[PDB]
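Below is structure18.tsv, holding TSV, C-alpha atoms.
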chain	number	residue	atom	x	y	z
A	1	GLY	CA	9.65	-13.90	14.56
A	2	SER	CA	9.53	-10.31	13.16
A	3	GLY	CA	6.64	-11.26	10.79
A	4	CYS	CA	7.23	-14.05	9.76
A	5	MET	CA	10.94	-13.38	9.59
A	6	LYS	CA	12.25	-10.83	6.97
A	7	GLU	CA	15.01	-13.38	6.15
A	8	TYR	CA	12.50	-16.28	5.64
A	9	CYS	CA	10.15	-14.09	3.57
A	10	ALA	CA	12.94	-13.21	1.02
A	11	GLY	CA	14.13	-16.88	1.02
A	12	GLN	CA	10.57	-17.99	-0.07
A	13	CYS	CA	8.73	-15.02	-1.74
A	14	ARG	CA	9.77	-12.23	-4.17
A	15	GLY	CA	9.18	-8.49	-4.70
A	16	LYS	CA	8.30	-5.82	-2.08
A	17	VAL	CA	4.51	-6.52	-1.86
A	18	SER	CA	4.86	-10.33	-2.01
A	19	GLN	CA	7.46	-10.17	0.80
A	20	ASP	CA	5.10	-7.68	2.63
A	21	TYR	CA	2.25	-10.26	2.36
A	22	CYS	CA	4.63	-12.79	4.04
A	23	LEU	CA	5.28	-10.16	6.79
A	24	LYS	CA	1.46	-10.23	7.47
A	25	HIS	CA	0.43	-13.84	6.66
A	26	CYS	CA	3.61	-16.08	6.86
A	27	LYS	CA	3.04	-17.07	3.15
A	28	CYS	CA	3.60	-15.78	-0.38
A	29	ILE	CA	0.96	-13.55	-2.07
A	30	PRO	CA	-1.89	-15.16	-4.17
A	31	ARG	CA	-2.56	-14.56	-7.94

Kindly transcribe the structure held in the file into structure tokens.
Amino acid sequence: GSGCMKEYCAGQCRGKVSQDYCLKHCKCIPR
């Protein structure tokens, strides 16, 4: 995919940096 996919990352995780973490790591950002 594009990292992971930009579609998938907005369908699972929210906000620019959280979605950017999914673009790097195929998961949502930790707290």

Two-atom distance - atom CA of residue 1 of chain A, atom CA of residue 30 of chain A (Å):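 If I compute the distance from atom CA of residue 1 of chain A to atom CA of residue 30 of chain A, I get 22.0 Å.
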
Fewer than 6 positions away in the same chain doesn't count, so skip those; otherwise give me all residues within 10 Å of segment 23-25 of chain A, counting only C-alpha atoms, as a PDB file with C-alpha atoms, keeping the file's coordinate frame.
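Below is the file selection.pdb, written as the result:
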ATOM      1  CA  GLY A   1       9.650 -13.900  14.560  1.00  0.00           C
ATOM      2  CA  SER A   2       9.530 -10.310  13.160  1.00  0.00           C
ATOM      3  CA  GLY A   3       6.640 -11.260  10.790  1.00  0.00           C
ATOM      4  CA  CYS A   4       7.230 -14.050   9.760  1.00  0.00           C
ATOM      5  CA  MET A   5      10.940 -13.380   9.590  1.00  0.00           C
ATOM      6  CA  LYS A   6      12.250 -10.830   6.970  1.00  0.00           C
ATOM      7  CA  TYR A   8      12.500 -16.280   5.640  1.00  0.00           C
ATOM      8  CA  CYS A   9      10.150 -14.090   3.570  1.00  0.00           C
ATOM      9  CA  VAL A  17       4.510  -6.520  -1.860  1.00  0.00           C
TER      10      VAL A  17
END

Residue contacts of residue 28 of chain A (7 Å, all atoms listed in the file) excluding same-chain residues fewer than 5 positions away, as a PyMOL selection string: chain A and resi 13+18-19+21-22
